[PDB]
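Report on the following structure.
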Amino acid sequence: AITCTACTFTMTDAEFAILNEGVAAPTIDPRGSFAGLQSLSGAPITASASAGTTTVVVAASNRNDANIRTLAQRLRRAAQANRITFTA
Amino acid sequence: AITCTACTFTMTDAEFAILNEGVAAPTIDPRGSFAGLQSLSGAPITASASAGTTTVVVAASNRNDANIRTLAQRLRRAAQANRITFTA
Amino acid sequence: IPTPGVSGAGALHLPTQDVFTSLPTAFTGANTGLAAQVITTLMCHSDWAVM
């Protein structure tokens, strides 16, 4: 009965566009770093924009350990490759 | 900057005690499954109990990719070893 | 460009795998310019860092 209730990451629009291959918040570019997550029910990763801030979360029924680990790994790799700071 | 604003897991008190070597919620056993994470600004893991449900989170300034990935990996390994259903 | 360990504009030697705080650039209080400069000396063992 172990569940993950929140896996949320916060970014700015510029950095998200850098890591989404220049595509804006609402959709996920297939060539970007947010594509390839395993889909248990629909889109595993969703992104929203508000006041210049982009929120990237794992979907409600896709929050298994593998998706969380892959998202964290891809965020770290993209930040290091693109000289972005992954603050704790 | 890329930051994590929520890394929250939910389980039952019995399951948490199984994972925490039988210790209650407001204590992380050094020999348990939730000890040994990287301490950046204090205790990397904080657990609370309410209405028979245990919430385990990463502290505010300890939410790097390594802590999240290791917590997910340890939760998966402990759930598989102790036959606890990771329903998420 | 800023000296290593200092976070300014065009910084190139800031830590990337560790949480860091920029090295102090000037002392505060009544310290005058020459005495207000900061130099960071490192007493370290060979295992203090890994490349």
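Chain labels run A, B, ... following the order of the structure tokens; each chain numbers its residues from 1, and ligands are numbered from 1 in the order shown.
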With a cut-off of 9 Å, could you pull out the residues of chain C touching chain A and give me the nearest pair of atoms for each, distance in Å to one decimal, using only C-alpha atoms, ordered by chain and ascending number, as a Markdown table?
| residue | atom | partner | partner_atom | distance |
| --- | --- | --- | --- | --- |
| C:16 | CA | A:80 | CA | 7.7 |
| C:17 | CA | A:80 | CA | 8.8 |
| C:19 | CA | A:87 | CA | 7.9 |
For the selection you just gave me, I'd like the residues written to a file as a short mmCIF file (atom, residue, chain, number, x, y, z; two decimals), in the first residue's frame, keeping N, CA, C and O atoms.
data_model
loop_
_atom_site.label_atom_id
_atom_site.label_comp_id
_atom_site.auth_asym_id
_atom_site.auth_seq_id
_atom_site.Cartn_x
_atom_site.Cartn_y
_atom_site.Cartn_z
N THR C 16 29.68 21.83 -9.65
CA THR C 16 28.50 21.39 -10.37
C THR C 16 27.86 20.13 -9.80
O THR C 16 26.68 19.89 -10.07
N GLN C 17 28.59 19.34 -9.02
CA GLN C 17 28.06 18.11 -8.44
C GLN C 17 27.83 18.22 -6.94
O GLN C 17 27.39 17.25 -6.32
N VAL C 19 26.54 20.97 -3.52
CA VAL C 19 25.95 22.22 -3.07
C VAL C 19 27.07 23.14 -2.61
O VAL C 19 27.96 22.73 -1.86
#
Could I get the residues of chain B with an atom no further than 12 Å from an atom of chain A, each paired with its nearest atom pair and that distance in Å to one decimal, using only C-alpha atoms, sorted by chain and residue number, as a Markdown table?
| residue | atom | partner | partner_atom | distance |
| --- | --- | --- | --- | --- |
| B:1 | CA | A:85 | CA | 5.2 |
| B:2 | CA | A:86 | CA | 4.7 |
| B:3 | CA | A:10 | CA | 5.3 |
| B:4 | CA | A:9 | CA | 4.4 |
| B:5 | CA | A:8 | CA | 5.7 |
| B:6 | CA | A:8 | CA | 5.3 |
| B:7 | CA | A:7 | CA | 5.1 |
| B:8 | CA | A:6 | CA | 5.3 |
| B:9 | CA | A:4 | CA | 4.3 |
| B:10 | CA | A:3 | CA | 5.1 |
| B:11 | CA | A:2 | CA | 4.5 |
| B:12 | CA | A:1 | CA | 7.1 |
| B:13 | CA | A:1 | CA | 10.6 |
| B:14 | CA | A:1 | CA | 10.3 |
| B:15 | CA | A:1 | CA | 7.9 |
| B:16 | CA | A:2 | CA | 9.0 |
| B:18 | CA | A:2 | CA | 11.9 |
| B:19 | CA | A:2 | CA | 10.8 |
| B:38 | CA | A:88 | CA | 11.6 |
| B:39 | CA | A:88 | CA | 11.4 |
| B:40 | CA | A:88 | CA | 8.8 |
| B:41 | CA | A:88 | CA | 9.9 |
| B:44 | CA | A:88 | CA | 11.2 |
| B:53 | CA | A:1 | CA | 10.3 |
| B:54 | CA | A:2 | CA | 9.6 |
| B:55 | CA | A:5 | CA | 9.4 |
| B:56 | CA | A:4 | CA | 9.5 |
| B:57 | CA | A:6 | CA | 9.7 |
| B:58 | CA | A:88 | CA | 10.4 |
| B:59 | CA | A:88 | CA | 9.7 |
| B:60 | CA | A:88 | CA | 8.0 |
| B:61 | CA | A:88 | CA | 5.6 |
| B:62 | CA | A:88 | CA | 5.8 |
| B:63 | CA | A:88 | CA | 4.7 |
| B:64 | CA | A:88 | CA | 4.5 |
| B:65 | CA | A:72 | CA | 5.2 |
| B:66 | CA | A:72 | CA | 8.1 |
| B:67 | CA | A:88 | CA | 9.6 |
| B:68 | CA | A:69 | CA | 7.3 |
| B:69 | CA | A:69 | CA | 5.0 |
| B:70 | CA | A:69 | CA | 8.4 |
| B:71 | CA | A:65 | CA | 9.0 |
| B:72 | CA | A:65 | CA | 5.3 |
| B:73 | CA | A:65 | CA | 6.9 |
| B:74 | CA | A:65 | CA | 9.6 |
| B:75 | CA | A:65 | CA | 8.1 |
| B:76 | CA | A:65 | CA | 6.8 |
| B:77 | CA | A:65 | CA | 10.3 |
| B:78 | CA | A:2 | CA | 10.5 |
| B:79 | CA | A:2 | CA | 8.0 |
| B:80 | CA | A:2 | CA | 11.3 |
| B:83 | CA | A:1 | CA | 10.5 |
| B:84 | CA | A:1 | CA | 6.9 |
| B:85 | CA | A:1 | CA | 5.3 |
| B:86 | CA | A:2 | CA | 4.7 |
| B:87 | CA | A:1 | CA | 5.6 |
| B:88 | CA | A:3 | CA | 4.6 |
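Atom pair CA of residue 24 in chain A / CA of residue 37 in chain A: separated by 18.7 Å.
With CA of residue 21 in chain C on one side and CA of residue 36 in chain B on the other, the separation reads 24.3 Å.
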To test your reading of the structure, identify every residue in chain C that backbone DSSP assigns to alpha helix (DSSP H), and report it as a PDB file with C-alpha atoms, in the first residue's frame.
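Final file, result03.pdb:
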ATOM      1  CA  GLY C  33      39.943  48.113   0.997  1.00  0.00           C
ATOM      2  CA  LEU C  34      43.257  46.269   1.271  1.00  0.00           C
ATOM      3  CA  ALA C  35      42.175  44.682   4.563  1.00  0.00           C
ATOM      4  CA  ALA C  36      38.681  44.114   3.124  1.00  0.00           C
TER       5      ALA C  36
END
Could you find all residues in chain A that DSSP calls strand (DSSP E) from the backbone, and write them as a PyMOL selection string? chain A and resi 3-12+45-50+53-58
